[PDB]
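Shown next, in structure tokens, is the structure this report addresses.
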Amino acid sequence: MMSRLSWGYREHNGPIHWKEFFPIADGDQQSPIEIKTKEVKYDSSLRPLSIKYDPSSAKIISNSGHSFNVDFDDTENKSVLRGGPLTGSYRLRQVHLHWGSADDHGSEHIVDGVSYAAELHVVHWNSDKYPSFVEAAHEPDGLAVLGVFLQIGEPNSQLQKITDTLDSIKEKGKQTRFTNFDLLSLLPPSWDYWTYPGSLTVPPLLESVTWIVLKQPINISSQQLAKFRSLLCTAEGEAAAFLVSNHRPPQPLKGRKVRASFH
Ligand SMILES: NS(=O)(=O)c1c(F)c(F)c(SCCO)c(F)c1NC1CCCCCCC1
Ligand SMILES: [Zn+2]
């Protein structure tokens with residue numbers, strides 16, 4: 001059933017039920033959103049984006065029950081996001097992915113009505129101001145998240161390191177060592193983006209995120225994507241259930257405006 005500790009994406013515990021235990025779900029700065037490009041303005045004051053990523057920063061991949069999570073050594077500043085809308089240095093913490101039960105939709109953000117098959121989130125936190133991820137996640141300027149769309153297309157070799165691990169992390173709670181990960185090369189060639197203030201897209205739905213949603217999708221094949229749907233949302237010894245869909249619908253803008261890095 002729905003509860004604070006048992007949210008998910010199934011019928012009784014899914015997105016439409018999260019407000020029962022996390023009433024910020026219906027807040028003013030929730031994510032994801034629909035981006036209406038005719039109402040987006042270019043902002044010349046955005047600085048160039050800076051992405052410095054060290055493959056050795058990756059440590060572990062795990063099944064959270066809600067996605068896979070690649071966790072990074074966030075003790076140093078070897079892997080950091082700077083520039084764009086951001087003030088100061090945002091340290092890489094996590095990568096995870098959202099998908100739907102079928103290829104036609106599953107992205108979280110939706111651009112002029114267009115959905116993609118999946119969406120990668122790359123989570124960073126403001127280590128110039130805050131002492132930990134966990135503390136940054138409660139501040140409006142605390143987190144910076146890159147969103148990358150995945151469109152069905154020819155298989156993507158850059159996803160192999162991830163897909164090779166999925167059997168080892170089938171059950172919720174399993175983890176496996178995962179280092180030397182080339183994240184940079186899972187970004188599209190163009191880093192043109194939209195930016196707006198929003199939230200985590202899972203409980204606790206905290207309104208602490210500067211979203212940076214890249215316009216250009218990367219590819220994934222249907223065969224590759226289907227492997228993610230074979231992860232379980234359930235732990236060893238719990239009746240099995242598959243994580244066939246794990247995307248939150250867009251939430252209303254409720255007055256926020258979205259800026260473009262490009263014109
Ligand atoms: N490292 S962590 O487990 O704290 C964590 C991430 F690394 C993340 F990148 C995120 S982003 C959305 C989930 O995938 C996260 F929510 C949490 N968890 C939330 C847990 C509730 C505790 C307070 C802080 C909010 C983050
Ligand atoms: Zn996410």
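We label chains A, B, ... in the order they appear in the structure tokens, count residues from 1 in each chain, and number ligands from 1 in the order shown.
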Do you have, as a tab-separated table, the list of residues of chain A lying at most 10 Å from ligand 1, each with its nearest atom pair and that distance in Å to one decimal, counting only C-alpha atoms and all ligand atoms and ordered by chain then number?
residue	atom	partner	partner_atom_place_in_ligand_line	distance
A:64	CA	ligand 1	14 (O)	8.0
A:66	CA	ligand 1	14 (O)	7.6
A:67	CA	ligand 1	14 (O)	7.4
A:68	CA	ligand 1	14 (O)	8.5
A:69	CA	ligand 1	14 (O)	7.0
A:70	CA	ligand 1	7 (F)	8.8
A:71	CA	ligand 1	7 (F)	6.9
A:72	CA	ligand 1	7 (F)	8.7
A:74	CA	ligand 1	7 (F)	9.8
A:92	CA	ligand 1	9 (F)	9.0
A:93	CA	ligand 1	7 (F)	5.6
A:94	CA	ligand 1	9 (F)	4.7
A:95	CA	ligand 1	9 (F)	6.9
A:96	CA	ligand 1	14 (O)	6.4
A:97	CA	ligand 1	14 (O)	8.6
A:98	CA	ligand 1	14 (O)	9.7
A:121	CA	ligand 1	11 (S)	8.2
A:122	CA	ligand 1	9 (F)	7.7
A:123	CA	ligand 1	9 (F)	5.2
A:124	CA	ligand 1	9 (F)	7.4
A:125	CA	ligand 1	9 (F)	8.8
A:132	CA	ligand 1	4 (O)	9.2
A:133	CA	ligand 1	1 (N)	6.5
A:134	CA	ligand 1	24 (C)	4.3
A:135	CA	ligand 1	24 (C)	6.8
A:136	CA	ligand 1	24 (C)	7.8
A:137	CA	ligand 1	24 (C)	5.2
A:138	CA	ligand 1	24 (C)	6.9
A:143	CA	ligand 1	11 (S)	9.1
A:145	CA	ligand 1	11 (S)	8.7
A:199	CA	ligand 1	12 (C)	9.1
A:200	CA	ligand 1	12 (C)	5.5
A:201	CA	ligand 1	12 (C)	6.4
A:202	CA	ligand 1	12 (C)	5.7
A:203	CA	ligand 1	16 (F)	7.0
A:204	CA	ligand 1	21 (C)	6.1
A:205	CA	ligand 1	16 (F)	7.8
A:206	CA	ligand 1	25 (C)	7.0
A:208	CA	ligand 1	25 (C)	9.3
A:209	CA	ligand 1	11 (S)	9.6
With N, CA and C atoms retained, export the selected residues as a CSV table (one decimal), in the first residue's frame.
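Result file is part.csv:
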chain,number,residue,atom,x,y,z
A,64,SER,N,18.1,0.5,-6.2
A,64,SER,CA,17.5,1.2,-5.1
A,64,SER,C,16.0,0.7,-4.9
A,66,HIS,N,13.9,1.6,-7.2
A,66,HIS,CA,13.3,2.7,-7.9
A,66,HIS,C,14.0,3.0,-9.3
A,67,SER,N,15.2,2.6,-9.4
A,67,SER,CA,16.1,2.7,-10.6
A,67,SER,C,17.4,2.0,-10.2
A,68,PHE,N,18.3,2.0,-11.2
A,68,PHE,CA,19.7,1.7,-10.7
A,68,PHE,C,20.2,3.1,-10.3
A,69,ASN,N,21.2,3.0,-9.4
A,69,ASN,CA,22.0,4.2,-9.0
A,69,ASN,C,23.4,3.9,-9.1
A,70,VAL,N,24.1,4.7,-9.9
A,70,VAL,CA,25.6,4.8,-9.9
A,70,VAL,C,26.0,5.9,-8.9
A,71,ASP,N,26.7,5.5,-7.8
A,71,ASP,CA,27.2,6.4,-6.8
A,71,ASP,C,28.6,6.8,-7.0
A,72,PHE,N,28.9,8.0,-6.8
A,72,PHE,CA,30.3,8.6,-7.0
A,72,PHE,C,30.8,9.1,-5.7
A,74,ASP,N,32.1,11.6,-3.9
A,74,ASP,CA,31.8,13.0,-3.8
A,74,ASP,C,32.6,13.6,-2.6
A,92,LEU,N,29.5,15.9,-8.4
A,92,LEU,CA,28.7,14.8,-8.9
A,92,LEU,C,28.5,13.8,-7.8
A,93,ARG,N,27.2,13.4,-7.6
A,93,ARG,CA,26.8,12.4,-6.6
A,93,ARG,C,26.3,11.1,-7.2
A,94,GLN,N,25.3,11.2,-8.1
A,94,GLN,CA,24.6,10.0,-8.5
A,94,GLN,C,24.2,10.1,-10.0
A,95,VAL,N,24.0,9.0,-10.7
A,95,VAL,CA,23.3,8.8,-11.9
A,95,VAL,C,22.3,7.8,-11.8
A,96,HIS,N,21.1,8.0,-12.4
A,96,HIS,CA,20.0,7.0,-12.5
A,96,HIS,C,19.2,7.3,-13.7
A,97,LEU,N,18.2,6.4,-14.0
A,97,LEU,CA,17.5,6.4,-15.2
A,97,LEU,C,16.0,6.2,-15.0
A,98,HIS,N,15.2,6.9,-15.8
A,98,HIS,CA,13.7,6.7,-15.7
A,98,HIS,C,13.3,6.2,-17.1
A,121,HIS,N,19.2,11.0,-15.3
A,121,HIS,CA,19.4,12.1,-14.4
A,121,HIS,C,20.8,12.0,-13.8
A,122,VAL,N,21.5,13.1,-13.8
A,122,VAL,CA,22.9,13.2,-13.3
A,122,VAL,C,22.9,14.3,-12.2
A,123,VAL,N,23.0,13.8,-10.9
A,123,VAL,CA,22.7,14.6,-9.7
A,123,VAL,C,24.0,15.1,-9.1
A,124,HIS,N,24.0,16.4,-8.8
A,124,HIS,CA,25.2,17.1,-8.3
A,124,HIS,C,24.7,18.0,-7.1
A,125,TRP,N,25.6,18.3,-6.2
A,125,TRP,CA,25.3,19.1,-5.0
A,125,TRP,C,26.3,20.1,-4.7
A,132,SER,N,27.2,18.3,2.9
A,132,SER,CA,26.8,17.0,2.5
A,132,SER,C,25.7,17.1,1.4
A,133,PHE,N,25.6,16.1,0.7
A,133,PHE,CA,24.5,16.0,-0.3
A,133,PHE,C,23.1,16.1,0.5
A,134,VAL,N,23.1,15.2,1.4
A,134,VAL,CA,21.9,15.1,2.2
A,134,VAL,C,21.5,16.5,2.7
A,135,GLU,N,22.4,17.5,3.1
A,135,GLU,CA,22.0,18.8,3.6
A,135,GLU,C,21.7,19.8,2.4
A,136,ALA,N,22.4,19.7,1.4
A,136,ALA,CA,22.2,20.4,0.1
A,136,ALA,C,20.8,20.2,-0.5
A,137,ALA,N,20.3,18.9,-0.3
A,137,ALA,CA,19.0,18.6,-0.9
A,137,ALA,C,17.9,19.3,-0.2
A,138,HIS,N,18.1,20.0,0.9
A,138,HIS,CA,17.1,20.8,1.5
A,138,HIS,C,17.2,22.3,1.3
A,143,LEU,N,21.0,21.6,-5.2
A,143,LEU,CA,21.3,20.5,-6.2
A,143,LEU,C,21.2,21.1,-7.6
A,145,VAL,N,20.9,19.2,-11.5
A,145,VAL,CA,20.6,17.9,-12.1
A,145,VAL,C,20.6,18.1,-13.6
A,199,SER,N,12.4,20.3,-8.6
A,199,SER,CA,12.5,19.4,-7.4
A,199,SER,C,13.1,18.0,-7.8
A,200,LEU,N,13.4,17.2,-6.7
A,200,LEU,CA,13.5,15.8,-7.0
A,200,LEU,C,12.2,15.3,-7.6
A,201,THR,N,12.4,14.2,-8.4
A,201,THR,CA,11.2,13.6,-9.0
A,201,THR,C,10.7,12.4,-8.4
A,202,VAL,N,11.4,12.0,-7.3
A,202,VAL,CA,10.9,11.0,-6.4
A,202,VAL,C,10.7,11.5,-5.0
A,203,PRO,N,9.9,10.9,-4.1
A,203,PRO,CA,9.9,11.3,-2.7
A,203,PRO,C,11.3,11.3,-2.2
A,204,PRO,N,11.7,12.4,-1.4
A,204,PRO,CA,10.8,13.3,-0.8
A,204,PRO,C,10.5,14.6,-1.6
A,205,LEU,N,10.8,14.6,-2.9
A,205,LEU,CA,10.2,15.6,-3.8
A,205,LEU,C,10.7,17.0,-3.4
A,206,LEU,N,11.9,17.1,-2.8
A,206,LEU,CA,12.4,18.4,-2.3
A,206,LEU,C,12.7,19.4,-3.4
A,208,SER,N,14.8,21.7,-4.4
A,208,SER,CA,16.2,22.1,-4.2
A,208,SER,C,17.0,22.0,-5.5
A,209,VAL,N,16.3,21.8,-6.6
A,209,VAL,CA,17.0,21.4,-7.8
A,209,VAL,C,17.0,22.5,-8.8
Requested in this report: Please provide the set of residues having any atom within 7 Å of residue A:60, restricted to only C-alpha atoms, with same-chain residues fewer than 2 positions apart removed, written as number ranges by chain.
Outcome: A: 58, 62, 70-71, 175-179
Requested in this report: Just give me the gap between atom CA of residue A:126 and atom CA of residue A:89 in Å, one decimal is fine.
Outcome: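 Interatomic distance here is 6.0 Å.
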**Report entry** Selection near stretch 238-251 of chain A, 9 Å with only C-alpha atoms, sequence-local residues under 3 positions removed, as a ChimeraX atom specification
**Finding:** /A:8-10,14-16,25-26,29-34,65-67,97-102,106-110,118-119,171,201-202,226,228-235,254
Query raised in the report: Which of these, A:73, A:161, A:144, A:217, has the shortest distance to ligand 2 once you count only C-alpha atoms and all ligand atoms?
Result: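 Closest residue, counting only C-alpha atoms and all ligand atoms: A:144.
Closest approach to residue A:194 among A:213, A:51, A:152, A:5: A:213, based on only C-alpha atoms.
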Requested in this report: Could you tell me, as a PyMOL selection string, which residues of stretch 16-254 of chain A DSSP assigns to strand (DSSP E) when given the backbone?
Outcome: chain A and resi 34-35+41-42+49-52+58-63+68-72+80-83+90-99+110-111+118-126+143-152+175-177+193-198+209-214+218-220
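Distance annotation: of A:191, A:168, A:198, A:114, the residue with the minimal separation from ligand 2 is A:198; atom set is only C-alpha atoms and all ligand atoms.
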Query raised in the report: With only C-alpha atoms and all ligand atoms as the atoms that count, which of A:111, A:148, A:61, A:117 lies nearest to ligand 2?
Result: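 Checking each candidate against ligand 2, we get A:148 as the closest.
When only C-alpha atoms and all ligand atoms are used to measure the gap to ligand 2, the shortest distance among A:214, A:80, A:166, A:120 belongs to A:120.
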Report task. Using backbone DSSP assignments, extract all alpha helix (DSSP H) residues from stretch 7-236 of chain A; output them as a PyMOL selection string. Result -> chain A and resi 133-136+160-163+222-228
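Picture a line from atom CA of residue A:53 to atom CA of residue A:160; it runs 18.5 Å.
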Report task. Using only C-alpha atoms and all ligand atoms, find the one residue out of A:147, A:187, A:91, A:193 that sits nearest to ligand 2. Result ->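 The closest residue to ligand 2 is A:147.
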Query raised in the report: Any idea what the distance is between atom CA of residue A:54 and atom CA of residue A:157?
Result: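 Separation of atom CA of residue A:54 and atom CA of residue A:157: 19.0 Å.
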For residue A:3: contacts at 12 Å, only C-alpha atoms, fewer than 2 positions along chain excluded, given as an mmCIF file with N, CA, C and O atoms, in the first residue's frame:
data_model
loop_
_atom_site.group_PDB
_atom_site.id
_atom_site.type_symbol
_atom_site.label_atom_id
_atom_site.label_comp_id
_atom_site.auth_asym_id
_atom_site.auth_seq_id
_atom_site.Cartn_x
_atom_site.Cartn_y
_atom_site.Cartn_z
ATOM 1 N N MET A 1 0.917 -1.173 0.000
ATOM 2 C CA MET A 1 0.000 0.000 0.000
ATOM 3 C C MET A 1 0.935 1.196 0.000
ATOM 4 O O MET A 1 2.172 1.044 0.092
ATOM 5 N N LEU A 5 7.349 5.011 3.677
ATOM 6 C CA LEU A 5 8.512 4.176 3.319
ATOM 7 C C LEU A 5 8.288 3.190 2.128
ATOM 8 O O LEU A 5 9.217 2.521 1.668
ATOM 9 N N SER A 6 7.069 3.111 1.614
ATOM 10 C CA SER A 6 6.766 2.181 0.574
ATOM 11 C C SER A 6 6.174 2.784 -0.665
ATOM 12 O O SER A 6 5.523 2.100 -1.380
ATOM 13 N N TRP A 7 6.525 4.020 -0.960
ATOM 14 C CA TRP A 7 6.188 4.608 -2.260
ATOM 15 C C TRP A 7 6.823 3.820 -3.407
ATOM 16 O O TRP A 7 7.880 3.201 -3.238
ATOM 17 N N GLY A 8 6.229 3.913 -4.585
ATOM 18 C CA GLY A 8 6.796 3.306 -5.770
ATOM 19 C C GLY A 8 6.105 3.788 -6.989
ATOM 20 O O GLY A 8 5.696 4.950 -7.053
ATOM 21 N N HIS A 12 -1.120 1.235 -6.087
ATOM 22 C CA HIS A 12 -1.492 1.802 -4.845
ATOM 23 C C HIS A 12 -0.423 2.681 -4.294
ATOM 24 O O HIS A 12 -0.726 3.472 -3.469
ATOM 25 N N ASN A 13 0.834 2.593 -4.768
ATOM 26 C CA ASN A 13 1.907 3.387 -4.196
ATOM 27 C C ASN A 13 2.538 4.335 -5.188
ATOM 28 O O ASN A 13 3.529 4.979 -4.856
ATOM 29 N N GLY A 14 1.927 4.519 -6.355
ATOM 30 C CA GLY A 14 2.521 5.274 -7.429
ATOM 31 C C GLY A 14 2.375 6.755 -7.319
ATOM 32 O O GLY A 14 1.763 7.273 -6.354
ATOM 33 N N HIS A 17 -0.383 8.916 -5.747
ATOM 34 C CA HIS A 17 -0.535 8.690 -4.347
ATOM 35 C C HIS A 17 0.572 9.330 -3.487
ATOM 36 O O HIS A 17 0.440 9.386 -2.251
ATOM 37 N N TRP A 18 1.645 9.838 -4.105
ATOM 38 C CA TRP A 18 2.751 10.322 -3.301
ATOM 39 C C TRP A 18 2.315 11.446 -2.416
ATOM 40 O O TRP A 18 2.865 11.527 -1.307
ATOM 41 N N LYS A 19 1.406 12.326 -2.849
ATOM 42 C CA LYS A 19 0.924 13.471 -2.041
ATOM 43 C C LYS A 19 0.362 13.021 -0.678
ATOM 44 O O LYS A 19 0.297 13.848 0.182
ATOM 45 N N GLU A 20 -0.047 11.752 -0.510
ATOM 46 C CA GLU A 20 -0.626 11.335 0.720
ATOM 47 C C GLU A 20 0.383 11.404 1.860
ATOM 48 O O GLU A 20 0.094 11.617 3.059
ATOM 49 N N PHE A 21 1.630 11.162 1.550
ATOM 50 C CA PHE A 21 2.702 11.226 2.485
ATOM 51 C C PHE A 21 3.743 12.293 2.211
ATOM 52 O O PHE A 21 4.524 12.616 3.119
ATOM 53 N N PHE A 22 3.700 12.914 1.048
ATOM 54 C CA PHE A 22 4.631 14.007 0.678
ATOM 55 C C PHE A 22 3.843 15.095 -0.047
ATOM 56 O O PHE A 22 3.763 15.207 -1.217
ATOM 57 N N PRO A 203 9.929 10.926 -4.143
ATOM 58 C CA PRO A 203 9.918 11.273 -2.722
ATOM 59 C C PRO A 203 11.288 11.305 -2.197
ATOM 60 O O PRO A 203 12.119 10.414 -2.483
#
